[PDB]
């Protein structure tokens, strides 16, 4: 069946982002480790790497502010709570059947339930308190073997992006233990081989400062997970 490589990708906090992360005490600070430009660049690189292999990729964001900043910047479709049934089905049908559209962004509305589509790669932008078990379930529902690499060691991929020096790390020793105990191959990636051969966003300090201003303008409400019933 699907043979899944699980990885955490540890990304340093930009010093400007780390500065504010410390100073801010309300849940607003979650947005600084979520929008950290090193983490965005890692996500962007992974989408490029996998799209070159014609893999299908779902990127999960539990936070709507982040869902849009990522998807719109990377020019990928996104689905969340207020997305109409018609537009949602357009996007899912595109993901499933149109070879030009192989990456989509989905929020907490994905699990569960509408019918999560199948993909070969699942990237989680965030990690939080506290459901290790909902993570593995979603991984399981989404990930299917890329056909046909039956020879290959891994044919599907899960990545969880973690910001260093933030509360995100605490969730890591936990996730690693849980996933391996569940029978998964798991590793920690601190440096993505050859990100410097790609043209990624936020290469300049000024670009990062633009995003930083936008994050600082957000409120504690913007840093809450999307809730849905």
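Positions refer to the first chain, counted from 1.
- For the pair 4-12 and 219-227, the record assigns the higher mean C-alpha temperature factor to 219-227.
- When the mean C-alpha temperature factors of 138-146 and 85-93 are read from the deposited coordinates, 138-146 comes out higher.
- As recorded in the PDB entry, 170 shows the highest C-alpha B-factor of the residues 43, 57, 31, 170.
- Ranking 103, 124, 113, 120 by the C-alpha B-factor listed in the PDB entry places 113 at the top.
- Annotation for residue 165: CA B-factor lies in the middle third of the chain's modelled residues.
- Ranked by Cα temperature factor within the chain, residue 180 sits in the highest third according to the deposited record.
- Ranked by C-alpha B-factor against the other modelled residues of its chain, residue 197 falls in the highest third.
- For residue 187, the recorded CA temperature factor ranks within the middle third of the chain's modelled residues.
- Ranked by Cα temperature factor within the chain, residue 48 sits in the lowest third according to the deposited record.
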